[PDB]
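The chain below stands alone and is given in structure tokens; this is the form deposited in one PDB entry.
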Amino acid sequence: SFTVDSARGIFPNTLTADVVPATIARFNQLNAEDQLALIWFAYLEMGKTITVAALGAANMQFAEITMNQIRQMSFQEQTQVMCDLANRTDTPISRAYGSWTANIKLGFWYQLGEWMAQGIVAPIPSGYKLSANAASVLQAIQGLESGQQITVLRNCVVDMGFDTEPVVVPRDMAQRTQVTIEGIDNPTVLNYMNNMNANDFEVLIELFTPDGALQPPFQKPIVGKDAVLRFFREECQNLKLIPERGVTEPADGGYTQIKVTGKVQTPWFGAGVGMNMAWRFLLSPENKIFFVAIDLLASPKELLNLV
């Protein structure tokens, strides 16, 4: 008698990094000039660690034209467009940005940021002073573990713009890895991990029930194979899933609940940031994925919390 909403609560003693959504909500109270300056300052203290590995799959060409338009504007116009994005204003550029996939939005700011650092576009005021609320939000971010810091920054950037085609390459079979998970050998869980690591989403989606759902960290469940597969193709390429250990528990009505913990790397940072993750699966009696939740964990001890 499970529903997606009932499945959401499996393994309730998993401690997620709710400071991430808390800090994002605080950032969302700031004025646009404070938001831009805060991220610029965080960027100046970790921007060298962002890699180009996600750009190649994103298909940036149309967004890069808009990027180049900003390179042609005056100082006043460049500042206006950047505030329009942060304010989520209804402008043509803000609508275009709001329509892009997360990786395209990130690739846009990544390049604008290097251009600012070089003066190819104008940077942010050299003696700029954050408001009191903004300075406190910056302090909070700087105090977070690396994987929580980059999740704050990512969600702050992806949420900009106005609420209004990737190159997906499955890895050659001979170059694919096989995960090991201490305590877990169920092929549905192992091949969830392996097909994710190989970008083989057409095989991956067949592990799901037709009504199956996937819940990304701090987001609502994505329901149905069509929506889940779209999410895979748009946002989930070139991840490195490094599960470590897991536990299996019977559920009502022949269902099985599985918790796996481990680390995940995003191509935006490669091995420079290891994000502590949990995967919570509810498998049907036919051993298909009815529900999987992916959680960013509050601290590294949560990797060892299988009770």
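Think of the rigid core as the biggest set of C-alphas that the two forms share within 1.5 Å after superposition. Just count from 1 along the sequence shown to find any residue number.
Only in words, not in the display: the form deposited in another entry, which the text now covers.
Peer 1: Where does the C-alpha shift reach 2 Å or more between this form and the one not shown among 273, 58, 242, 30, given a fit on the rigid core?
Peer 2: So the only displaced C-alpha belongs to 58.
Peer 1: State yes or no: after fitting on the rigid core, is the Cα displacement of residue 264 between this form and the one not shown at least 2 Å?
Peer 2: Residue 264 C-alpha, core-superposed: shift of less than 2 Å.
Peer 1: After a rigid core superposition, would you say the CA of residue 44 moves by 2 angstroms or more between this form and the one not shown, or not?
Peer 2: Yes, its C-alpha moves 2 Å or more.
Peer 1: Using the form shown as baseline, tell whether residue 301 and residue 46 are closer or farther in Cα-Cα distance in the other form, where the change reaches 3 Å or more.
Peer 2: It is closer: in the other form, the C-alpha atoms of residue 301 and residue 46 lie at least 3 Å nearer than they do here.
Peer 1: Residue 299 and residue 47: do their C-alpha atoms lie closer or farther in the other form than in the form you see, with a change of 3 Å or more?
Peer 2: Nearer in the other form, by 3 Å or more.
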